[PDB]
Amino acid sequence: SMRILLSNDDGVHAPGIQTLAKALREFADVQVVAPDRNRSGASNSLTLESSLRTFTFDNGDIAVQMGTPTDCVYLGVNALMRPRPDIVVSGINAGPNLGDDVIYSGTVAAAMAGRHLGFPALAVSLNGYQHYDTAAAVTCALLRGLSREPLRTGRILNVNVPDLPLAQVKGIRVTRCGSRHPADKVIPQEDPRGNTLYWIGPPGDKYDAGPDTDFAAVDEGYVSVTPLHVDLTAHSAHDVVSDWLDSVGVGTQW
């Protein structure tokens, strides 16, 4: 009955999106529009300079060739899926999307692209690689919840599932995004001709990971549910910025 646009950032060949597709197919109409390769770190990137080609597999799965997760959802909703989906579900990602990492997340971005549909979009990420079935079960519960009663406020739900058997999941926590210290590591590596190439290093250590953060919930064995929005305004900085400008005389003659 429910029309689900299913995407991810790991690609069409990810167990995560496959497991979830099979699970969601049990009770809903599902359509897989996904990248052709691992587009981790793709964030909210989208293809503007080129048009997009859509490669279909035997099972019906639509890849978008060179496509970003945002491209996939954009095409899914406006072009490919008829009738238009009720919800976008993104995942299950192999790996967590927590804290300030969510801005870099293609999984999150796919969900953010579905923010205007009738149901809040779900980004679903597993804190590891083992228990997709656990994350599938959590995803299905939320969808079951959405069918029972619509979520009035909150247009995106960032969901992170501990890499545990479902029996060991302690429950669900409504959380806020934590944050890390700045990532400072670059990993240099020479090419055969001696030229120095650079790899982006690991993330910074956790900084803001308290009582109520997505980090802490997951570390404790709870599902973290964070409502997300696309408004990047640091609203609490408004007055400080205004007073600063006046104090330094920028934008005023006096």
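Each residue number is its position in the shown sequence, starting from 1.
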Q.
Using only C-alpha atoms and the B-factors in the entry, which stretch averages higher, 56-64 or 193-201?
A. 56-64
Q. Looking only at CA atoms, which has the higher mean B factor in the entry: 74-82 or 120-128?
A. 74-82
Q | Highest recorded Cα temperature factor - choice among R176, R148, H181, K170 | A | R148
Q. Which listed residue, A237, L232, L245, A23, has the largest C-alpha temperature factor in the record?
A. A23
Q) In terms of the chain's CA B-factor thirds, is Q31 lowest, middle or highest? A) highest
(Q) Where does the C-alpha B-factor of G154 rank in its chain, lowest, middle or highest third? (A) highest
Q: Within this chain's modelled residues, let me know which third the CA B factor of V218 belongs to: lowest, middle or highest.
A: middle
Q: Check where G41 lands among this chain's C-alpha B-factors and tell me if it's the lowest, middle or highest third.
A: middle
